[PDB]
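First, one chain by itself: the form deposited in one PDB entry, in structure tokens.
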């Protein structure tokens, strides 16, 4: 139908554009870590590219599904694996972006105490915490549960609450701290005494764009989780919503490797 025709066009744009961008960004990021004095931001950025890359590696699985109107029926063992990696990549990108916002705020509000305090180790712990939280909160969802469709009503009594619980803690809290850190970062970049005119606007605009990308892309898919608890039914617009988060996988590298 027309829904499948448009859902295919958007998916190939992410795959054809994101992969050259992510791989090129990946090559630049690994060199920076290899270069002396790696900042904690690059470690989080390096993990961001890896998290985005995993989503793009499993992207061709979903293009075939939209290729011929929900075809290529395969057992649960592979469908769950495809869903696990895709959701983990989406959710790891959520916390990694929040960690970048925290570092940016700490580098402006408290610049002196950020200079002789940063260590490569801190970025590893932040990345590892995001990795274990993403996999830990996704493996519980996977074991609880064309593609998969409406399960039994009795089973839905636990499928929906675990989805919103996954959405509440693992998205809103990173969203709250992303806005909390970015609001003051944008706040104290215009009242700063001595900052260049052509460099103050760029920092504020990029932070706003990063915040817009976080809410616009990661929003609709996780918003559907809250809708499911109120209206007890699997949302019918998750296919479009997940593509918005997929757009973040391609758009995020361009924001940093540019």
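Numbering follows the first chain given and starts at 1.
The same protein also exists as the form solved in complex with a small molecule; that form is not shown, yet it is the one meant from here on.
- Contact annotation for residue 187: none of its heavy atoms lies within 4.5 Å of the small molecule in the entry with it bound.
- In the entry with it bound, at least one heavy atom of residue 158 sits within 4.5 Å of a heavy atom of the small molecule.
- Among residues of the shown chain, residue 162 is one whose heavy atoms approach the small molecule to within 4.5 Å in the entry with it bound.
- At a distance threshold of 4.5 angstroms between non-hydrogen atoms, residue 182 is out of contact with the small molecule in the entry with it bound.
- Residues 4, 63 and 67 are none of them found to lie within 4.5 Å of the small molecule in the entry with it bound, as judged by heavy atom distances.
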